[PDB]
Amino acid sequence: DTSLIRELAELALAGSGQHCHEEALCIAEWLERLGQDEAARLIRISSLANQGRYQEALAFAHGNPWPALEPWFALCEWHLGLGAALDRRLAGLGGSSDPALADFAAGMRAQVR
Amino acid sequence: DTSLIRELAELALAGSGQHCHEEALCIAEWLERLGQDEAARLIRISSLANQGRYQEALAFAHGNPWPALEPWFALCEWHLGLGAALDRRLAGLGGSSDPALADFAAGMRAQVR
Amino acid sequence: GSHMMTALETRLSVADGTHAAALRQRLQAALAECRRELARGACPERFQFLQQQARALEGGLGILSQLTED
Amino acid sequence: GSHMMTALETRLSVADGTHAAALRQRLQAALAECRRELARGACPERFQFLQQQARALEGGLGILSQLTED
Amino acid sequence: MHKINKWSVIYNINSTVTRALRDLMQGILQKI
Amino acid sequence: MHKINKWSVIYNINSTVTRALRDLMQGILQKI
Ligand code: NI
Ligand code: NI
Ligand code: NI
Ligand code: NI
Ligand code: NI
Ligand code: NI
């Protein structure tokens, strides 16, 4: 148990991309009870974005404290056609010290802009 | 135990990039006794390439049956200055159905060529 | 996705479903303990906690079934 | 590397070395069983097998120490 | 348009970008 | 030149390429 908490979080993430939204959500709520907020937030956002509920996923962007979640908000802005907001977010991520964030930003700008 | 076999393989890989060569090698030999040949081969190659023993790492390229190991041989050819061999290997990997192999090849060609 | 969006899915794409069967058993075992404790009664705080835990476990089993179905 | 070349290293970069301590104990436990069985005698085939296993485990402990040293 | 694709949020996003996204997802899960 | 860098084989290789390499390494380890 911690090994199982991690596996349930992984099942929820995998499931959030394969239409298992109710299941993913139950797991995210439980992860929050356990204090695994960043992982719960990732699952919630992935599940909402993968259902096309972009505006609700974007409610979490306000004051977002976890930079690794920023790409999801750029993707939401992209599907909502919010071009200028997308461009500002990508420009911000461009200077990230996390290479994955910086590469995600440069790559999406390149594919999208 | 299988959970521990996987963890030892991960320790060996992490260690192969941080100067723990004797340790990585003992683990690779044991993985081969257990039938985990592809993982043992990965560790052996990473350990040799990270020591700068490029020619010995390249002895495994001959008939290599695991495409995921091909990037290591391109890297070895690169450090040995074997430009034309490198270019042929990258051109071959370019058409791989594994996106990671195809992206590794396109990316290294772009950074190197 | 076409090729595994997560590490768990790669683990599960292995020939002998050894990992999937093992994970399913662990989830079922945890869900049964959870239902047994709920059946004994639990205070209200523990009850809401256990119910959320049971639903998370049932959700995990449901996702695992979908990830491994032929 | 600057930022973790492997999943295990990320797992180990966590504040409370809960994972590292746990992994170390499992490796030490397996190495002690291995040494106990070697001490009882083992046939020659099993002996070469056990020695390789003990060295793999000792190698794992040595890598873990280097990955987690401050 | 009623049949939703798996991982629809990155449908059409290339492998380089999705790989960076996967790297970030795994970094969050490995910290549990 | 006697002090060898950690992960010297990819020293100077960019993050996009090393990320693809890590993806392949993890795919091998996850199959154990
Ligand atoms: Ni609970
Ligand atoms: Ni129940
Ligand atoms: Ni053995
Ligand atoms: Ni010994
Ligand atoms: Ni439709
Ligand atoms: Ni020197």
Side-chain angles (χ1 to χ4, degrees), chain B residues 2-3 5-21 31 34-43 45-54 57 66-72 74-76 78-79 93 96 98-112, chain F:
Chain B
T2 173
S3 164
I5 303 309
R6 182 195 275 92
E7 292 175 285
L8 277 165
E10 296 182 78
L11 279 163
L13 184 63
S16 69
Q18 296 196 44
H19 319 303
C20 300
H21 300 298
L31 287 166
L34 304 187
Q36 290 298 336
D37 301 343
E38 186 175 7
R41 183 64 55 81
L42 169 60
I43 291 153
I45 289 166
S46 175
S47 174
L48 288 168
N50 282 313
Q51 291 179 69
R53 291 215 244 167
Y54 308 117
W66 293 301
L69 300 180
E70 291 287 312
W72 300 88
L75 286 168
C76 284
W78 177 59
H79 298 280
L93 295 178
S96 179
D98 180 332
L101 267 182
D103 293 343
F104 170 91
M108 201 193 165
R109 164 158 286 176
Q111 148 161 37
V112 130
Chain F
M1 283 169 201
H2 69 301
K3 246 49 194 174
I4 308 306
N5 293 132
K6 286 176 185 175
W7 289 99
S8 78
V9 77
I10 46 184
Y11 182 70
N12 289 321
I13 284 290
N14 68 46
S15 54
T16 293
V17 176
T18 63
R19 187 170 302 106
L21 186 67
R22 287 168 46 229
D23 197 355
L24 294 160
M25 292 180 277
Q26 287 299 324
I28 290 171
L29 291 175
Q30 291 314 287
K31 289 185 292 207
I32 300 171

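Here is how names work: the chains are called A, B, and so on, in the same order as the sequence lines, proteins then strands, and each is numbered from 1.
Remark: B/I5 CD1 to F/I32 CD1 distance equals 8.5 Å, nearest 0.5 Å. Note that CZ of B/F104 and OG1 of F/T18 are 9.5 Å apart. Values are rounded to the nearest 0.5 Å. The CG atom of B/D103 lies 9.5 Å from the CG atom of F/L24; values are rounded to the nearest 0.5 Å. For the atom pair CG (F/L21) and CG (B/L101), the distance works out to 10.0 Å, reported to the nearest 0.5 Å.
With hydrogens and angles ignored, the 3.5 Å screen pairs a side-chain donor or acceptor of B/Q111 with a backbone N or O of F/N14.
Per-residue heavy-atom pair counts under 4.5 Å with chain F were compared for B/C76, B/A102, B/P99, B/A68, and the maximum is reached by B/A68. Note on B/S46, B/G17, B/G35: by heavy-atom pairs under 4.5 Å with chain F, the leading option is B/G17. For the set F/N12, F/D23, F/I13, the count of heavy-atom pairs under 4.5 angstrom toward chain B peaks at F/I13. Of the listed residues (F/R22, F/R19, F/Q30), the one with the most heavy-atom contacts under 4.5 Å to chain B is F/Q30.
The minimum heavy-atom distance linking B/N50 with F/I4 is given by the pair O-CG2, 3.8 Å. For the residue pair F/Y11 and B/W78, the shortest heavy atom distance occurs at O-CH2, 4.2 Å. The two residues F/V17 and B/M108 come nearest to each other via the heavy atoms CG2-N, 3.6 Å. The minimum heavy-atom distance linking F/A20 with B/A100 is given by the pair CB-O, 3.6 Å.
When heavy atoms are compared at a cutoff of 4.5 Å, B/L34 does not approach chain F at all. When heavy atoms are compared at a cutoff of 4.5 Å, B/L42 approaches chain F solely by way of its side chain, counted from C-beta outward. At a 4.5 Å heavy-atom cutoff, B/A12 makes no contact with chain F through either its backbone or its side chain. At a 4.5 Å heavy-atom cutoff, B/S3 makes no contact with chain F through either its backbone or its side chain. Interface remark: B/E10 contributes backbone and side-chain atoms alike to the contact with chain F (heavy atom separation under 4.5 Å).
Under the 4.5 Å side-chain criterion, counting only non-hydrogen atoms from C-beta, F/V9 is in contact with B/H79.
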Take F/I28 and B/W66, measure what side-chain contact (heavy atoms from CB on, under 4.5 Å) needs, and give me the verdict at the end.
CA-CA 10 Å; F/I28 290 171; B/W66 293 301; over 6 Å; no
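Applying the side chain to side chain donor-acceptor pair (under 3.5 Å) test to B/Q18 and every residue at least two apart in sequence or in another chain returns D/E9.
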